[PDB]
């Protein structure tokens, strides 16, 4: 079933229920996921109205771009030319600049294919918006099927050579309560390397480092607490995790990451080369989610994209987008029950 209703400020809330009873919802404010539940339990973080997003935190579950993450000094080089983008975090351009895409009302169309329902959001980034050459016609399709698969498909075309590397900023919390840390969740991730940050400003350090056999090594499933409790400089620097992890093997076919809690797991699939992992290291900020004060580590993203920092570490990728060339990206989060035995205590 598909259902729609006003969600506040002129946005809508689109709610889908698949044949298995699993429900998921989205809003056109920032082509974002708002909730995902199983048996009355929230699997992710979200608010109950649009205004909350605009007043508390506009990133959760949003589509962010045109470029996700931080661009040192808001400086990019496009086809030999230097361009300065909107600087919204010190001299840095973070997630596309101020008042970016996550803050706009996108138009949308719903397509019912039976076992699969698609929600296609559209938006045009005009040429010059936030310093980005365009115009860029963008679309984000969120779909949910009878197999409990939530897929995100991005498409874009630009009138001018530009840069593009958007991502989906969902936060998971299998506790279903923001006030409970995710240190009790199990994490498996197919990555042997990571990108260290230079300092508190969070720009990339300039090197790529091997994390095998360190506390950041999740190739084999381990509790998140191992990371959180770590005293590695990088962990200490950000008070948790806030880094790009370079996938070892590329392809939409491989299970790149798996987040487990008791009988529930979320599997991550993507065609992107990295997963940006941020554990809501907000300290005592305590943003209220459903009347619950969020705890430090009360959430975790799996933001699949080209790693941030390619401006400095070319080896990471090229996020340039040629005029006329069609961009595409696909990320999938699949939900499973009893995939494995995970019985722990903290």
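Numbering follows the first chain given and starts at 1.
A summary of the deposited B-factors shows that, of 317-325 and 303-311, the stretch with the larger mean C-alpha value is 317-325. Here 264-272 and 77-85 are compared by their mean Cα B-factor, and 77-85 comes out higher. Of the candidates 223, 173, 256, 100, it is 173 whose Cα B-factor is highest according to the PDB record.
Going by the entry's values, 211 shows the largest Cα B-factor out of 227, 157, 211, 124. In this PDB entry, residue 295 carries a Cα temperature factor that places it within the middle third of its chain's modelled residues. Per-chain ranking of the deposited C-alpha B factor places residue 165 in the lowest third. Remark: residue 194 belongs to the highest third of its chain, ranked by C-alpha B-factor as recorded. Among the modelled residues of the chain, residue 107 sits in the lowest third by CA temperature factor in this PDB entry. Residue 181 sits in the highest third of its chain by CA B factor, as recorded in the PDB entry.
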